[PDB]
Asks: 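First, the structure itself, so that you have it in front of you.
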Amino acid sequence: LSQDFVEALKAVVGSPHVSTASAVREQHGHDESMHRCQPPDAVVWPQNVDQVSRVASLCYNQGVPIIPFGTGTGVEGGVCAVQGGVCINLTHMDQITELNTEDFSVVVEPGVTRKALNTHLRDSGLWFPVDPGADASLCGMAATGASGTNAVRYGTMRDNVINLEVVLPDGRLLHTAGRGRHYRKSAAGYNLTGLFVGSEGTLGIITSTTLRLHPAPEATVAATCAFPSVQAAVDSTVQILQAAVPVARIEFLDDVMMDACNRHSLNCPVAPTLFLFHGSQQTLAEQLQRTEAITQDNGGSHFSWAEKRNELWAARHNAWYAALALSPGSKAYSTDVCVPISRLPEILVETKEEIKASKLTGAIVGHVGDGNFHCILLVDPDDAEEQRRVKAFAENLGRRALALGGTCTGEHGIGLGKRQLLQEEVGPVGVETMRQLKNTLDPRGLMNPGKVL
Ligand SMILES: Cc1cc2nc3c(=O)[nH]c(=O)nc-3n(C[C@H](O)[C@H](O)[C@H](O)COP(=O)(O)OP(=O)(O)OC[C@H]3O[C@@H](n4cnc5c(N)ncnc54)[C@H](O)[C@@H]3O)c2cc1C
C-alpha cells in the first residue's frame with residue numbers, strides 16, 4: 001500500500017485508527033481455523049458509519065481489497081487476506097440502540113456481542129437466543145448466517161434478523177428492509193435482508209443489525225443423558241423431533257468429545273451423550289415425560305439434572321477448545337454438514353466409524369436437533385501430510401452429506417474451505433446466479449475476494 005493511500009485512510013478515521021504494523025496485521029490475518037494466516041496490508045478501525053462508507057469508497061476506487069473483520073472467531077478463513085488489502089475492524093462501533101421491548105426488537109452495532117446484548121437486557125424479561133459458542137459480534141453472526149444450541153426452538157440468525165444496515169462495496173448505504181423499519185412479515189419487493197445474511201462480507205459491510213428478541217422462558221430444566229452407542233443417541237434425537245417435543249436445546253457429544261469436555265471444564269459418564277426444556281412447571285413435566293420415554297427405549301440413562309446449568313452449557317460452548325486441548329499445539333478444522341433428519345443416524349454413525357478407522361483425532365459435537373453436526377479434526381500445523389488427510393476426510397464427509405440431499409454447511413459458512421463443495425451443492429446455474437448477484441453489488445471483485453465463490 002502506497003504512502004498517499006495510507007494518509008488518505010488516516011484522513012478518514014484518524015491516525016490512531018490506521019495501522020500498517022506487521023504484528024497488528026498478523027493478528028487480523030487469521031481466525032480460529034487452521035487456515036494459514038494471510039495478513040492484510042493495513043487494519044482500519046472506523047468510528048461511525050460515515051467513516052465506514054468513506055473507507056470503503058477509498059479502497060474500492062483505488063482497487064484495494066476490503067476484508068470486514070468482526071471478532072475473528074470464524075472457522076472457515078473468512079478474514080484471511082488472500083489478496084492483501086485493508087482489513088476493516090468494525091468493533092469500535094459498539095452501541096445498542098432502538099431497544100423496542102414492546103415490539104420485541106433491538107438494533108446493534110458490530111462491536112456488540114451476544115453477551116453484551118443479553119447483559120443489557122437483564123431485567124427486561126427479553127433475551128436474544130442465537131448462541132454460537134464463541135462471544136462473537138452479532139453483526140458477524142448475521143454475516144455468517146450463524147446458529148447455535150437454541151436454534152432448534154428459537155431459530156437461526158436468518159430467522160431472527162429483521163433488518164440490516166449495509167455499506168455496499170462502493171460506499172453507498174443500504175437499509176435492506178428500509179431505514180428504521182421493523183415488523184413481523186412483509187411481501188414488499190424482494191427480500192434484501194435474507195440476501196445479506198450469510199454473505200460473509202463478500203457483498204458489503206454490515207454496520208448494524210435489527211434483531212428479533214424473545215420472551216425469557218417461564219421455567220427452565222437442563223439435563224444430560226448417556227447412551228450406549230452413537231446410534232442410540234441419534235435415534236433418540238430423531239424420534240424426539242418426530243414426536244414434536246418442543247425441546248429448547250438438544251446437543252450431541254460423542255464419547256471423545258464428552259471426555260475432552262470433562263478434562264477441559266464436568267464429570268459426566270464418558271459415553272455418547274445428549275445435553276438437553278422451556279415452559280411452565282406443568283408444561284415441562286409433559287415434555288420431560290415424553291422425552292424420557294423415548295430416550296429410555298433407546299437405552300438412555302435416567303436424566304442427570306442456577307449455576308450447574310450455566311457450567312453445563314459453558315462446557316458445550318467451549319467444545320472447540322476442549323478438542324484442541326487433546327493435542328496441545330494443534331489447530332482444528334471442522335465439518336458442518338446438515339442433512340434431512342431421517343438420514344442423520346446413517347451419516348453420524350458412518351462418521352464415527354470413519355474417524356475410528358482413521359489415524360486422525362476427531363471429536364463429534366452438534367446441533368443434531370437441526371440435523372447438523374461438527375466433526376472437529378485436529379491438525380499438526382507443520383505435518384503437511386496430516387493436513388492433506390484432514391482435508392480429504394472433510395471433503396469426503398461433505399460429499400456424503402450432499403449425496404443424502406443435505407448441505408455442506410449448516411452454520412459456519414464457506415469461506416476458503418468449502419468452495420468446491422458449494423459448486424457441487426447448487427450446480428452450474430446456482431453458481432452462476434450467485435456470481436451474478438456478487439457482480440452487481442461488487443463489480444470490481446474487491447469485497448473479501450477469494451471467499452465463498
Ligand atoms: C469456540 C467456537 C464456537 C463456535 N460455535 C459456533 C456455533 O455454534 N455456531 C456458528 O454458527 N458458529 C460458531 N462459531 C463460528 C463463529 O463464532 C461464527 O461464525 C461467528 O458468526 C463469526 O463472527 P465473527 O464476528 O467472530 O467473525 P469473523 O471471523 O470476524 O468474520 C467471519 C466472516 O464474516 C465476515 N464479517 C464479519 N463481520 C462482518 C460485518 N460486520 N459485515 C460483513 N461481513 C462481516 C468476515 O469478512 C468473514 O468472512 C464458533 C467459533 C468458535 C471459535
Side-chain angles (χ1 to χ4, degrees), residues 27-33 35 40 46 49 52 56 65-82 85-91 93-94 108-114 130-152 156-158 161 164-169 196-209 249 251 261 264 313-325 331-332 334 336 338 365-367 370 372-374 376 409-417 442 447-452:
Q27 297 162 31
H28 288 82
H30 68 85
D31 53 17
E32 292 297 300
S33 80
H35 290 287
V49 62
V52 179
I66 301 157
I67 310 99
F69 192 106
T71 41
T73 69
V75 297
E76 269 297 1
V79 299
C80 301
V82 290
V86 168
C87 171
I88 301 187
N89 184 317
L90 300 153
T91 58
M93 296 166 50
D94 60 354
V108 299
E109 294 178 349
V112 183
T113 62
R114 178 190 181 257
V130 186
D131 64 320
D135 200 27
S137 167
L138 286 164
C139 293
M141 289 164 51
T144 61
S147 58
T149 73
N150 288 310
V152 60
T156 66
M157 286 308 276
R158 175 166 308 273
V161 170
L164 297 165
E165 180 182 89
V166 182
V167 170
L168 300 179
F196 289 90
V197 172
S199 59
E200 291 185 48
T202 65
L203 302 179
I205 304 156
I206 297 167
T207 57
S208 90
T209 301
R249 302 162 115 155
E251 292 292 310
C261 286
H264 189 72
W313 293 114
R316 162 66 187 93
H317 285 154
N318 285 280
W320 178 270
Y321 300 113
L324 285 155
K331 298 183 166 310
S334 184
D336 187 32
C338 177
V365 65
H367 314 303
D370 301 321
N372 170 231
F373 72 95
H374 303 139
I376 302 175
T409 173
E411 56 177 5
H412 289 163
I414 303 292
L416 286 173
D442 175 28
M447 199 67 245
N448 209 354
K451 315 295 165 58
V452 186

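In listed order, ligands and their atoms are each counted from 1. What's counted below: heavy atoms across the whole structure, side chains too, no hydrogens, waters or symmetry copies. Positions are given from 1 along the sequence.
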Asks: List the steps and the verdict of side-chain hydrogen bond (donor to acceptor under 3.5 Å, both in side chains) for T202 and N448.
Replies: CA-CA 5 Å; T202 65; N448 209 354; over 6 Å; no

Asks: Which of these, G133, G201, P68, has its nearest heavy atom closest to atom 47 (O) of ligand 1?
Replies: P68

Asks: Distance to 0.1 Å, residue and atom name: give those for the protein heavy atom nearest to atom 38 (N) of ligand 1.
Replies: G140 CA, 3.6 Å

Asks: Which atoms of ligand 1 sit under 4.0 Å from any heavy atom of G204?
Replies: 43 (C)

Asks: Given 3.5 Å as the limit, does a donor-acceptor pair link the side chain of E76 with the main chain of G417, or not?
Replies: yes

Asks: Verify whether one side chain among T91 and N89 offers a donor that lies under 3.5 Å from an acceptor in the other.
Replies: yes

Asks: Can you list the ligand 1 atoms lying under 4.0 Å from a non-hydrogen atom of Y321?
Replies: 1 (C), 53 (C)

Asks: For the residue pair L168 and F196, establish whether any side-chain heavy-atom pair is separated by less than 4.5 Å.
Replies: yes

Asks: Considering heavy atoms of the protein only, find what lies nearest to atom 1 (C) of ligand 1 and give residue, atom and distance to 0.1 Å.
Replies: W320 CB, 3.4 Å

Asks: I'd like to know if the side chain of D442 reaches the main chain of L203, judged simply by a donor and an acceptor atom lying under 3.5 Å from each other, with no hydrogens or angles considered.
Replies: no

Asks: Is there a side-chain contact between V52 and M93 in this structure, where contact means two heavy atoms from C-beta onward sitting under 4.5 Å apart?
Replies: yes

Asks: With rounding to the nearest 0.5 Å, note down the distance linking CD in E200 to NZ in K451.
Replies: 9.0 Å

Asks: Identify the protein heavy atom lying closest to atom 8 (O) of ligand 1, giving its residue, its atom name and the separation to 0.1 Å.
Replies: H367 NE2, 3.3 Å

Asks: Mark up the atoms of ligand 1 that fall under 4.0 Å of a heavy atom belonging to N448, in ascending order.
Replies: 47 (O), 49 (O)

Asks: So, does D31 use its side chain to make a donor-acceptor pair with the main chain of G77 at under 3.5 Å?
Replies: yes

Asks: Could you check which of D131, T73, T71 puts a non-hydrogen atom nearest to atom 50 (C) of ligand 1?
Replies: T73

Asks: Return the residue, atom name and 0.1 Å-rounded distance of the protein heavy atom closest to atom 9 (N) of ligand 1.
Replies: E411 OE1, 2.9 Å

Asks: Strictly under 4.0 Å, does any heavy atom of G415 approach an atom of ligand 1?
Replies: no

Asks: Which protein non-hydrogen atom lies closest to atom 18 (C) of ligand 1, naming both residue and atom, and how far is it?
Replies: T144 OG1, 4.0 Å

Asks: Please identify which atoms of ligand 1 are closer than 4.0 Å to at least one heavy atom of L90.
Replies: 40 (C), 41 (N)

Asks: Would you say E32 and ligand 1 have an N/O pair spaced under 3.5 Å apart?
Replies: no

Asks: Check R114, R316, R249 against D131 for a side-chain hydrogen bond (donor to acceptor under 3.5 Å, both in side chains) and give me the one that passes.
Replies: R249

Asks: Look at the aromatic rings of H367 and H374 and report parallel, tilted or perpendicular, splitting at 30° and 60°.
Replies: perpendicular

Asks: Give the atoms of ligand 1, by number and element, whose distance to some non-hydrogen atom of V79 is under 4.0 Å.
Replies: 28 (P), 29 (O), 30 (O), 31 (O)

Asks: Below the 3.5 angstrom mark, is there an N/O of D31, backbone or side chain, next to an N/O of ligand 1?
Replies: no

Asks: Is there a heavy atom in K451 that sits closer than 4.0 Å to ligand 1?
Replies: no

Asks: Treating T409 as the side-chain partner and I414 as the backbone partner, does any N or O pair qualify as donor plus acceptor under 3.5 Å?
Replies: no

Asks: Taking only heavy atoms of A143 into account, list the atoms of ligand 1 that are under 4.0 Å away from them.
Replies: 34 (O), 36 (N), 39 (C), 43 (C), 44 (N), 45 (C)

Asks: Answer whether the closest heavy-atom distance between the side chains of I88 and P46 falls below 4.5 Å.
Replies: yes

Asks: N/O of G70 under 3.5 Å from N/O of ligand 1, yes or no?
Replies: yes

Asks: Using a strict cut-off of 4.0 Å, indicate which atoms of ligand 1 neighbour a heavy atom of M141.
Replies: 21 (O)

Asks: Would you mind checking which non-hydrogen protein atom is closest to atom 12 (N) of ligand 1, with the distance to 0.1 Å?
Replies: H412 CD2, 3.6 Å

Asks: Using a strict cut-off of 4.0 Å, indicate which atoms of ligand 1 neighbour a heavy atom of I206.
Replies: 40 (C), 41 (N), 42 (N), 43 (C)

Asks: Using a 4.0 Å heavy-atom cut-off, which part of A142 comes near ligand 1: side chain, backbone, both, or neither?
Replies: neither

Asks: Answer yes or no: is there a donor N or O on one side and an acceptor on the other, between the side chain of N372 and the main chain of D336, under 3.5 Å?
Replies: yes

Asks: Of the protein's non-hydrogen atoms, which lies at the shortest distance from atom 28 (P) of ligand 1, and what is that distance?
Replies: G72 N, 3.6 Å

Asks: Flag the pair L90 / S137 as yes when at least one side-chain heavy-atom distance between them is below 4.5 Å, and no otherwise.
Replies: no

Asks: List the closest protein heavy-atom neighbour of atom 29 (O) of ligand 1: residue, atom name, distance to the nearest 0.1 Å.
Replies: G74 N, 2.9 Å

